[PDB]
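What follows is one chain in structure tokens, specifically the form deposited in one PDB entry.
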């Protein structure tokens, strides 16, 4: 196990490097990253969903990218 700080990361390429004090940078591919990822939708994305009603209006539930 090692501690480091992300040197840079490129979201188009899916990788970057971690800097380590007194050592070489370490390559990181996105698939190695733990934890929940960032949830987003792109303009034009086809989706299925359920409609529900909240106190501020209707909204989508169970939104699946088709």
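Only residues modelled in both forms are compared. Numbering follows the first chain given and starts at 1. Superpose the two forms; the largest set of C-alphas matching within 1.5 Å is the rigid core.
We do not show the form deposited in another entry, though everything after this point is about it.
Chemist: Superposing on the rigid core, I want to see if residue 47 changes position between this form and the one not shown - specifically a Cα shift of 2 Å or more.
Modeler: Yes, because once the rigid core is superposed, the C-alpha of residue 47 moves 2 Å or more between this form and the one not shown.
Chemist: Tell me whether residue 6 is among the residues that move between this form and the one not shown (Cα shift of 2 angstroms or more, core superposed).
Modeler: Superposed on the core, residue 6 moves its C-alpha less than 2 Å between this form and the one not shown.
Chemist: Core-aligned, is the CA shift for residue 57 between this form and the one not shown 2 angstroms or more?
Modeler: Yes, its C-alpha moves 2 Å or more.
Chemist: Return the sequence-ordered list of stretches, each of 3 or more consecutive shared residues, in which all C-alpha shifts are 2 angstroms or more between this form and the one not shown following rigid core superposition.
Modeler: Once the cores are aligned, run 37-66 is the only one whose C-alphas move by at least 2 Å.
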